[PDB]
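Visitor:
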Amino acid sequence: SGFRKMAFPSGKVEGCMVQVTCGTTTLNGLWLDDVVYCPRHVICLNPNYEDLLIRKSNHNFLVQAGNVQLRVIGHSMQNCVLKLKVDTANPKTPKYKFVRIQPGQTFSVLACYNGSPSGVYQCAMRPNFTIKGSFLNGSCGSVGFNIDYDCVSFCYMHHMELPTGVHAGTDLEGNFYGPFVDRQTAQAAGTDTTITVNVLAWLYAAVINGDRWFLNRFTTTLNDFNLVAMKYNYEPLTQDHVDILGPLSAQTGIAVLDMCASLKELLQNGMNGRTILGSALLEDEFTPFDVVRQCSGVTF
Amino acid sequence: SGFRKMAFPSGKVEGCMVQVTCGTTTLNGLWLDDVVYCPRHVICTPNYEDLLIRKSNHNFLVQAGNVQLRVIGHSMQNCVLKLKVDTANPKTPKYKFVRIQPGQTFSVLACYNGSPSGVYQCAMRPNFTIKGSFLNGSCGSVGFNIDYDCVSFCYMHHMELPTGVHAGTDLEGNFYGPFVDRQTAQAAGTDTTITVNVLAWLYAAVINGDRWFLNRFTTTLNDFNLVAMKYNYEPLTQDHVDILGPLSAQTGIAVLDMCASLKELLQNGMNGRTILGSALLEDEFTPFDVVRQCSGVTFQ
Ligand SMILES: *C(=O)CCCCCCC
Ligand SMILES: *C(=O)CCCCCCC
């Protein structure tokens, strides 16, 4: 038992981190097979990336893997990411995929500086397409990932910090999550919402862990609960969310719409001093999959 | 900016994790040089000396992935079994075995069948238990800290107590607290909030621009400790004040000045406000955790 903000083990990603330098700019790169991926702003107010890239040559990119220098034999741009072909395939390349995640999904971040790891943490892609990360200057090129049975699915690459302290980035194909751009223009995160299906998943995790003070004898309907969710800035609950919660409702014997009646009471009345898994706020950064994995040992 | 529950990168520890089987029990072992360390209760199903004397090297099946490591010797040190193997771990990091004090945090690499599954951060509570997240089969999973390239192993998982919290040993097999590896009725004593860690996290909040809770008054250790006792917080000592010195210098806020701000939070509550997104005071970030995360300390 117990329930924590658990990230995936980072070792498979640590073996892929390199330092990429172009002129006075230094950031991180991800080295998979014979290619190094990094934010294209490593070569750059009003940039003409295509003209900047044609002006640069292979020798203008300094790639360092620990103490070894990688010879760059090619270079191309894919959206907001720069791909540097190197003369050696990474002997530590794990099984990997590049995936674009949807809002509400969680992933681990290996924060890096100068191609070296600082730490790992778990975060979620918010409904407004930002992440509440922990990044400082030089963390660009740090990636977010999920691990499924030895295969690393890379989903995020860090590019920037927005005015409110939240972060923006791209998938490993260079496509920004949300409306953000890699230019020094005005851009801010939109209004965010709470991920309802994750709050319910975490309520089931609390029940599995013995916290049942918030349970009640009542059951609501999807339509009635969604009216409550809109008032509290919670994402609408769909029948697909109810279905995905299936293993947790089966394990605890509590229907999803029975748990929704507990959530409605918690939204309207609070906790009156009590806590749920050590928290006085409703937590929305654990998916239903994260909960079955951590609480029941699914995939372990 | 941002402040997350951040674990150390786990790559150096994943390279040491192996599967240890004795009869019908499978658990995790830590492989350093030509020795595998694991909980001695792997030999059970209770006189441990007699259970070990009856065992032979062939009764221990050790696997590093799908590769078997032949056991060529065995011995018991306190509550850990040391299995000498025919292969030295070529991924053995620079390491130390350290026994930590209550309040200290560490990263746990949760493992099942010798396979790393998750990483999270937790603390040695003042009652010598850890509020971890472990399931059946997680025994032999370790807790650690890293400094430069040296891994200090501080915890090996052995058991879960009635309240869902956990108990284990250092890597020399000595239990933290008054717990034993027997099937007896053991219980965690009353816990206390780690004051020095709460102060550290308030400095983390200040570094991140959260400063509504600051006041310009100062207090004394004696006056602060009267309030601490009332709210089940550990007394603050001159050692804790000295340990907060660097964070005090970084923010320009004296330790006793921050104590007067914590005193007001304890007596008045947060009144609907949050600090680093939390409605409760967090006590599982040490002063050093704040320095590492806010300055971007990396590991080699
Ligand atoms: C990047 O520097 C993070 C802060 C952005 C603020 C922009 C001006 C309001
Ligand atoms: C180990 O078996 C964890 C559960 C212990 C509870 C004993 C009964 C209170």
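In the order they appear, the protein sequences are chains A and B. Residues 1 to 44, 50 to 305 (the deposited numbering) make up the first sequence, in order. Residues 1 to 45, 52 to 306 (the deposited numbering) make up the second sequence, in order. No residue lacks a Cβ here, since even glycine has one placed at the ideal position from N, Cα and C.
1) Return the chain-ordered list of same chain residues with a C-beta closer than 8 angstroms to the C-beta of B:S158, the five sequence neighbours on each side being excluded.
2) Do B:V18 and B:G29 have their beta-carbon atoms positioned less than 8 angstroms apart in this structure?
3) Tell me, please, which residues DSSP counts as bridged to A:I249.
4) Can you tell me where the alpha helix (DSSP H) holding A:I213 begins and where it ends?
5) Relative to the C-alpha of A:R298, which candidate in B:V261, B:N228, B:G71 and B:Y118 has its C-alpha closest?
6) Reducing DSSP to helix, strand and coil, say where B:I106 ends up.
7) Which runs of the beta strand (DSSP E) at least 3 residues long sit entirely within the stretch 99-179 of chain A? Give them in chain order.
8) Can you give me the C-alpha to C-alpha distance between B:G11 and B:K5, rounded to a whole angstrom?
9) With which residues is B:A234 paired in a DSSP beta bridge?
10) Sorry if obvious, but does the Cβ on B:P293 come closer than 7 angstroms to a heavy atom of ligand 1?
11) Going by C-alpha distance, which of A:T292, A:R222 and A:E240 is nearest A:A260?
12) Quick one: does the C-beta of B:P52 sit closer than 7 angstroms to a heavy atom of ligand 2?
13) Relative to chain B, which residues along the stretch 206-223 of chain A have a C-beta separation below 8 angstroms, given in chain order?
14) So that I know if they touch, is there some Cβ in chain B lying closer than 8 angstroms to that of A:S147?
15) Taking B:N142 and B:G183 to be in contact with their CB atoms under 8 angstroms, please state how far apart those CB atoms are, rounded to whole angstroms.
16) Name the one or two DSSP bridge partners that B:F66 has.
17) Count Cβ pairs between the stretch 277-294 of chain B and the stretch 86-100 of chain A that sit closer than 8 angstroms; are there 3 or more?
18) Under 8 angstroms between C-beta atoms, does A:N119 make it to chain B?
19) Taking Cβ positions, are A:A266 and A:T225 nearer each other than 8 angstroms?
20) With distances taken between CB atoms, is the gap from B:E290 to B:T111 smaller than 8 angstroms?
21) Answer with buried or exposed for residue 48 of chain B, where buried requires no fewer than 16 other C-beta atoms within 10 angstroms of its C-beta.
22) Of all the CB atoms in chain A, is at least one closer than 8 angstroms to the CB of B:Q110?
23) Taking 8 angstroms as the CB-CB limit, is A:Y126 close to chain B?
24) Report the residue from A:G79, A:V77 and A:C85 whose alpha carbon sits nearest the alpha carbon of A:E55.
25) Is B:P39 near ligand 2, going by C-beta to nearest heavy atom under 7 angstroms?
Guide: Reading off the structure:
1) Cβ neighbours of B:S158 beyond the five flanking positions: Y101, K102, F103, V104, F150, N151 and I152.
2) For B:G29 and B:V18, yes; Cβs fall inside 8 angstroms.
3) Partner(s): none; A:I249 has no beta bridge.
4) It spans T201 to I213 - the alpha helix (DSSP H) in which A:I213 sits, taken as one unbroken run.
5) Out of B:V261, B:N228, B:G71 and B:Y118, B:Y118 has the C-alpha closest to the C-alpha of A:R298.
6) Annotated three-state conformation of B:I106 is coil, per DSSP.
7) Along the length of the stretch 99-179 of chain A, whole beta strand (DSSP E) runs at least 3 residues long occupy 100-103, 111-118, 121-129, 148-153, 156-166 and 172-175, reported in chain order.
8) Distance between the alpha carbons of B:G11 and B:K5: 18 angstroms.
9) Bridge partners of B:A234: none, in fact.
10) B:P293: no, Cβ never under 7 angstroms from ligand 1.
11) That would be A:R222, whose Cα lies nearest to the Cα of A:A260.
12) Flag unset: Cβ of B:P52 not near ligand 2.
13) Within the stretch 206-223 of chain A, those residues whose Cβ lies closer than 8 angstroms to any Cβ of chain B are, in chain order, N214 and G215.
14) Output row for A:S147: interface = no.
15) Contact between B:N142 and B:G183 does not hold, since the beta-carbon distance rounds to 22 angstroms and is not under 8 angstroms.
16) B:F66 pairs with B:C22.
17) Contact between the stretch 277-294 of chain B and the stretch 86-100 of chain A is absent: fewer than 3 CB-CB pairs across the two stretches fall below 8 angstroms.
18) Yes, A:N119 counts as interfacial toward chain B.
19) Yes; because the gap between Cβ atoms is below 8 angstroms, this pair is in contact.
20) For B:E290 and B:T111, yes; Cβs fall inside 8 angstroms.
21) Note on chain B: consecutive modelled numbers read 45 then 52, so residue 48 of chain B has no coordinates in the structure shown.
22) False, the Cβ-Cβ gap to chain A never drops below 8 angstroms.
23) Interface residue (Cβ-Cβ distance to chain B less than 8 angstroms): A:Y126 is classified as such.
24) With distances taken between Cα atoms, A:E55 lies closest to A:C85.
25) Closer than 7 angstroms to some heavy atom of ligand 2: that does not describe the Cβ of B:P39.
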